[PDB]
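Asks: Encoded as structure tokens, here's the structure I'll be asking about.
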Amino acid sequence: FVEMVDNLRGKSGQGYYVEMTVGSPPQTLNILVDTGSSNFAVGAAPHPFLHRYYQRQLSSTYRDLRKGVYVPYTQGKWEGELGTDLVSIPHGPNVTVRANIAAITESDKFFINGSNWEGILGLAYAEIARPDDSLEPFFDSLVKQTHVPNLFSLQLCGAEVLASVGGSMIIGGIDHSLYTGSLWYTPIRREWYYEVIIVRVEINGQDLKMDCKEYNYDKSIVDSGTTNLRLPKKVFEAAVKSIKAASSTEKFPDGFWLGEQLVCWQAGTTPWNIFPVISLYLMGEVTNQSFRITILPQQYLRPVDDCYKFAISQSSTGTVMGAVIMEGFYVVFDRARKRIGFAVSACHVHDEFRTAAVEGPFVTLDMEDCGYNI
Ligand SMILES: N#Cc1cccnc1N1CC[C@]2(c3ccc(F)cc3F)N=C(N)O[C@@H]2C1
């Protein structure tokens, strides 16, 4: 796994990408690692924010599928042409896969200015692929065509220009040098998104005391392709109220709490201690058990004087455990056993007083009733 360590790079708030090659001879592209989607899709035509793109005509191994695809998001969109080609990950497993590729020919508000990536690697399941679930996602193809074990793990490390970030994507195994302490597993509730169940939330040790259904309304997912911790309205409001109280020693504009305005202190004078830790308790493999991941202000205040943006925001599509949550931790996407594991990362954030943590078990009653019945 030594060759896969530190194979991720990115800019703060713009996602983590891995280097891939597509076609014969290999075309080098940087590809966003995205556990929140299921299409392998790459820019395939000129764009203002693209410094390179996939040129199908230069590839001897490209095969046209004679099928179009249109993919709208809430904020942006892209359309493209479906095909197959040979794909490799230079700092990944020593294998080559014939994968589905959506060649993006037109897009609106999709590509990010300065992000340094040219495509997206959807690592989630076929159920949410476009145009439909018959378009085998990349990881499925990799596992079927090669001997690579059905799992991958992500260590995202995070912290003029936006700060550069790094991490590792370990494909086909778990690298023990990348974490400390125990690995705790939460079940994948359904193979579509990487859906999980949160049973309890605490802010500075204080229970938010909501019906746990609220935490997973209408779902909760683990998503490397989203920056923030996104929370359902009711939970978000209770969360900020508590965070505001803990830090009321100082006062910030509404725009900060809205995740819009930045907030700065003199360099090195960031008062971390006035901000509370946040504990998310995830359902255990055992029915009435859970374990908690505890995250520090260092994670949910994202650097952009030292200037920070509040990286927790309101959602209407359920909880999203985005990059800022994942950054504390080594995260194992154990598809083979339908579970996601968390452990304290070798690159976790910590000051002399507090530290990110993964701790269990804690015993709770009725947590199957915490979900959303499809
Ligand atoms: N599936 C789905 C899905 C379903 C409904 C709404 N959104 C989805 N997401 C998939 C694309 C996405 C993304 C990534 C990068 C980027 F520049 C833009 C971008 F929209 N990736 C994630 N993880 O969330 C984003 C929206």
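Residue numbering: from 1, along the chain as shown.
Cβ atoms here come from the backbone N, Cα and C positions, even for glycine.
When I checked Swiss-Prot for this same protein, it listed these features:
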ACT_SITE  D34  active site
ACT_SITE  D223  active site
DISULFID  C157-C347  disulfide bond
DISULFID  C212-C370  disulfide bond
DISULFID  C264-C307  disulfide bond
CARBOHYD  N94  N-linked glycosylation site
CARBOHYD  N113  N-linked glycosylation site
CARBOHYD  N288  N-linked glycosylation site
MOD_RES   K67  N6-acetyllysine
MOD_RES   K209  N6-acetyllysine
MOD_RES   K213  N6-acetyllysine
MOD_RES   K219  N6-acetyllysine
MOD_RES   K233  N6-acetyllysine
MOD_RES   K234  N6-acetyllysine
MOD_RES   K241  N6-acetyllysine
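Relative to the rest of the structure, where do these features sit?
Replies: All protein chains included, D34 (active site) registers 23 other Cβ atoms within 10 Å of its own Cβ.
Residue density at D223 (active site): 23 other Cβ atoms are found within 10 A of its Cβ, drawing on all protein chains shown.
In sequence order, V165, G166, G167, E327, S345, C347 constitute the residues six or more apart from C157 (disulfide bond) in its chain with CB-CB distances below 8 Å.
DSSP assigns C212 (disulfide bond) to a helical segment in the three-state reduction.
Following the DSSP three-state reduction, the secondary structure of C307 (disulfide bond) is strand.
Its Cβ placed at the centre, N94 (N-linked glycosylation site) has 10 other Cβ atoms within 10 Å.
Secondary structure at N113 (N-linked glycosylation site), taken from DSSP and collapsed to helix, strand or coil, is coil. Within 10 Å of the C-beta of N113 (N-linked glycosylation site) we count 7 further C-beta atoms, all protein chains included.
The Cβ neighbour count for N288 (N-linked glycosylation site), using a 10 Å radius over every protein chain in view, is 15.
Secondary structure from DSSP puts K67 (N6-acetyllysine) in a beta strand.
The Cβ of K209 (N6-acetyllysine) has no same-chain neighbour under 8 Å that is 6 or more residues away in sequence.
Note: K213 (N6-acetyllysine) has non-local neighbours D369, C370, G371, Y372, i.e. same-chain residues 6+ apart with C-beta under 8 A of its own C-beta.
For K219 (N6-acetyllysine), the same-chain residues lying six or more positions away in sequence with a CB closer than 8 A to its CB are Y193, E195, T317, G318, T319, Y372. According to DSSP, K219 (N6-acetyllysine) is assigned to coil rather than to any helix or strand.
With a cut-off of 8 Å between CB atoms and residues at least 6 apart in sequence, the same chain places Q314, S315, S316 near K233 (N6-acetyllysine), listed in sequence order.
Using a 10 Å Cβ-Cβ cutoff, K234 (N6-acetyllysine) registers 15 neighbours.
The number of other CB atoms found within 10 A of the CB of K241 (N6-acetyllysine), across every protein chain shown, is 13. Under the DSSP three-state reduction, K241 (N6-acetyllysine) is assigned to helix.
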Asks: Using a 10 Å cut-off on CB atoms, tell me which of the disulfide-bonded residues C212, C264, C347 is the least crowded.
Replies: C264
Asks: Measuring Cβ to any atom of ligand 1 with a strict under-6 Å cutoff, which of the recorded positions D34, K67, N113, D223, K241 qualify?
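Replies: Checking each Cβ against ligand 1, the ones under 6 Å are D34, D223.
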Asks: Closest to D34 (active site): which of the recorded positions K67, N94, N113, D223, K241, going by Cα position?
Replies: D223
Asks: Could you tell me, to the nearest whole Å, how far the Cα of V304 is from the Cα of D305, given 7 unmodelled residues between them?
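Replies: So the two residues bracketing the gap are 10 Å apart at Cα.
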Asks: Indicate whether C370 (disulfide bond) is helix, strand or coil by DSSP.
Replies: helix
Asks: Once you note that 7 residues are missing between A159 and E160, how far is one Cα from the other in Å?
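Replies: Those two Cα atoms are 15 Å from each other.
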